[PDB]
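Working notes for the structure below.
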Amino acid sequence: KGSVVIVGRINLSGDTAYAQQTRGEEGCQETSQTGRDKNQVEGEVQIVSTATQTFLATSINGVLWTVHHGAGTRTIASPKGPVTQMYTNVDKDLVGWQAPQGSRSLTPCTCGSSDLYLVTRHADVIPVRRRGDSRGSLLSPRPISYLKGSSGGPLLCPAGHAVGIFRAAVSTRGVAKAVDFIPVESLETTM
Ligand SMILES: C=C[C@@H]1C[C@]1(NC(=O)[C@@H]1C[C@@H]2CN1C(=O)[C@H](C(C)(C)C)NC(=O)O[C@@H]1C[C@H]1CCCCCc1nc3ccc(OC)cc3nc1O2)C(=O)NS(=O)(=O)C1CC1
Ligand SMILES: [Zn+2]
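Below, the structure is given as structure tokens:
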């Protein structure tokens, strides 16, 4: 298997949630084999890719987190070569690396607000209501197909801080009315 490769980012930039592709497929190939990636990186939310899967990853207090069902145990390519996972937990569906060169990191949420916001791979910011340890309800139902490819992306509080990592969708006949995520407290405990 190859290294995970950053192929873009989801910009909250200044005002607009928009997606920025920074690498093509072809280049994704050679880079996964070497794990050496000089391509420029920015921001908190990365679009990450394997040979078969595209999903997201989020930097929180110096660690780049994503889902195990996306990354597995792979390294992630960097300018100084392939980066080995700092944290792994198959049961939680969680993996972490040292935040990449060029990135910014999110702050853990400390305000306890139930008003959350899920960022998707499509660069949509979707309102969510905290409804338990690892669960939050959507204000608007959406088909799964819409959310697919967004695991590893962040759930944010109204202050912009990180509340969790998107893990799975709670679906009924293919309609998602809630989301399952890894809470930051769970990250802090994994560390
Ligand atoms: C947008 C949709 C959603 C965020 C996404 N997550 C999934 O699709 C997960 C993967 C797998 C099935 N998923 C689901 O969401 C299902 C599904 C019916 C398919 C919607 N929903 C579901 O279980 O409801 C259950 C009540 C909750 C409680 C149980 C959830 C279990 C969570 C889970 N843990 C592990 C630990 C270790 C593993 O080793 C290989 C593998 C795992 N796989 C898991 O779920 C996503 O976008 N992925 S992705 O980006 O396209 C892909 C590129 C990476
Ligand atoms: Zn907060």
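The sequence shown runs 989 to 1179 under PDB author numbering. Backbone N, C-alpha and C fix where the C-beta goes; we use that ideal spot for every residue, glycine too.
Task: Burial state of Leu1127, where buried means 16 or more other Cβ atoms lie within 10 Å - done: As a first step, residue 1127 is located in the sequence shown; it is residue number 139 there, counting from the start. Flag for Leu1127 reads exposed.
Task: Straight-line gap, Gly1162 to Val1083 (C-alpha atoms, nearest Å) - done: Here residue 1162 is taken as the residue at index 174 of the sequence shown, counted from 1. Here residue 1083 is taken as the residue at index 95 of the sequence shown, counted from 1. The alpha-carbon atoms of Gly1162 and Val1083 are separated by roughly 27 Å.
- [ ] Ignore the nearest five residues each way along the sequence and tell me which others in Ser991's own chain have a CB closer than 7 Å to its CB.
- [x] Translated into the one-based positions of the sequence shown, residue 991 becomes position 3. Hits under 7 Å: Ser1020, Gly1023, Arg1062, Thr1063, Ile1064, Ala1065, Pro1070.
Task: Whole-angstrom distance between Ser1138 and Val1033, CA atom to CA atom - done: Here residue 1033 refers to the residue found at position 45 of the sequence shown. Here residue 1138 refers to the residue found at position 150 of the sequence shown. Between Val1033 and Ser1138, the alpha-carbon positions lie close to 11 Å from each other.
Task: Candidates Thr1004, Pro1146, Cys1097, of which the one nearest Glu1176 by Cα - done: Numbered from 1 along the sequence shown, position 188 holds the residue referred to as residue 1176. Comparing Cα-Cα distances from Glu1176 to each of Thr1004, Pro1146, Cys1097, the minimum goes to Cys1097.
Open item on the list: At a cut-off of 7 Å, would you count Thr1046 as near ligand 2, judging by its Cβ distance to the nearest heavy atom?
Closed with: Here residue 1046 corresponds to residue number 58 of the sequence shown, with the count starting at 1. Result no, Cβ not under 7 Å from ligand 2.
Task: Touching by the beta-carbon criterion (3+ pairs, under 8 Å), the stretch 1130-1137 and the stretch 1149-1169 - done: At 8 Å Cβ cutoff, the stretches touch.
Task: Extent of the continuous alpha helix (DSSP H) to which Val1158 belongs - done: The residue you call residue 1158 lines up with position 170 of the sequence shown. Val1158 -> not in any alpha helix (DSSP H); beta strand (DSSP E) instead, spanning 1150-1160.
TODO: Would you check if the distance between the CB atom of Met1179 and the CB atom of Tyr1105 is smaller than 8 Å?
DONE: By one-based count along the sequence shown, residue 1179 stands at place 191. By one-based count along the sequence shown, residue 1105 stands at place 117. Inclusion of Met1179 and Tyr1105 in the CB contact set at 8 Å is not warranted, their separation being larger than that value.
Task: Reference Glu1030, options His1149, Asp1081, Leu1052, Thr1042, closest by Cα - done: For the purposes of this step, residue 1030 is taken as residue 42 along the sequence shown, with counting starting at 1. Nearest C-alpha to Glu1030: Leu1052.
- [ ] Go to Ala1059, then tell me how far its beta strand (DSSP E) extends in each direction, as first and last residue.
- [x] The residue labelled residue 1059 in the question sits at position 71 within the sequence shown. Taken as a continuous stretch (DSSP letters only), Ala1059 belongs to no beta strand (DSSP E), being part of the alpha helix (DSSP H) at 1056-1059.
TODO: Identify whether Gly1015 lies in helix, strand or coil by the three-state DSSP scheme.
DONE: By one-based count along the sequence shown, residue 1015 stands at place 27. In the three-state scheme derived from DSSP, where H, G and I count as helix and E and B as strand, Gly1015 is classed as helix.
Open item on the list: Let me check you understand the geometry: is the CB of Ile1132 closer than 7 Å to at least one non-hydrogen atom of ligand 1?
Closed with: Counting from one through the sequence shown, the residue named residue 1132 turns up at place 144. Checking every heavy atom of ligand 1 against the Cβ of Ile1132, one is found closer than 7 Å.
Open item on the list: Considering only heavy atoms of ligand 2, does any lie closer than 7 Å to the CB of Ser1093?
Closed with: Within the sequence shown, numbered from 1, the residue matching residue 1093 stands at position 105. No; taking the cut-off as 7 Å, the Cβ of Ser1093 has no heavy atom of ligand 2 nearer than that.
Open item on the list: For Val1078, count the other beta carbons within 10 Å of its own beta carbon; 16 or more makes it buried, fewer makes it exposed. Which is it?
Closed with: For the purposes of this step, residue 1078 is taken as residue 90 along the sequence shown, with counting starting at 1. Counting Cβ neighbours within 10 Å, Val1078 comes out exposed, since fewer than 16 surround it.
- [ ] Using the Cα positions of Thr1038 and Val993, report the straight-line distance between them to the nearest angstrom.
- [x] Within the sequence shown, the letter at position 50 stands for residue 1038. Within the sequence shown, the letter at position 5 stands for residue 993. One C-alpha to the other measures close to 7 Å.
- [ ] Assign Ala1147 to buried or exposed, taking buried as 16 or more other Cβ atoms, counted over all protein chains shown, within 10 Å of its Cβ.
- [x] Along the sequence shown, one-based indexing puts residue 1147 at 159. Answer is exposed; the Cβ neighbour count stays below 16.
Open item on the list: On the DSSP bridge list, what partners appear for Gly1124?
Closed with: Taking the first residue of the sequence shown as 1, we reach residue 1124 at position 136. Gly1124 pairs with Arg1118, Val1167.
Open item on the list: Using C-beta distances below 6 Å, list every residue in its chain close to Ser1102, excluding the 5 sequence neighbours before and after it, in chain order.
Closed with: Along the sequence shown, read from residue 1 onward, the residue named residue 1102 stands at position 114. The beta carbon of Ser1102 sits closer than 6 Å to the beta carbons of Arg1117, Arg1118 from its chain, once the five residues preceding and following it are set aside; these are given in chain order.
Task: Helix, strand or coil at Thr1178 according to DSSP, with G and I counted as helix - done: Counting from 1 along the sequence shown, the entry for residue 1178 is found at position 190. DSSP, reduced to helix, strand and coil, places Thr1178 within a helical segment of the structure shown.
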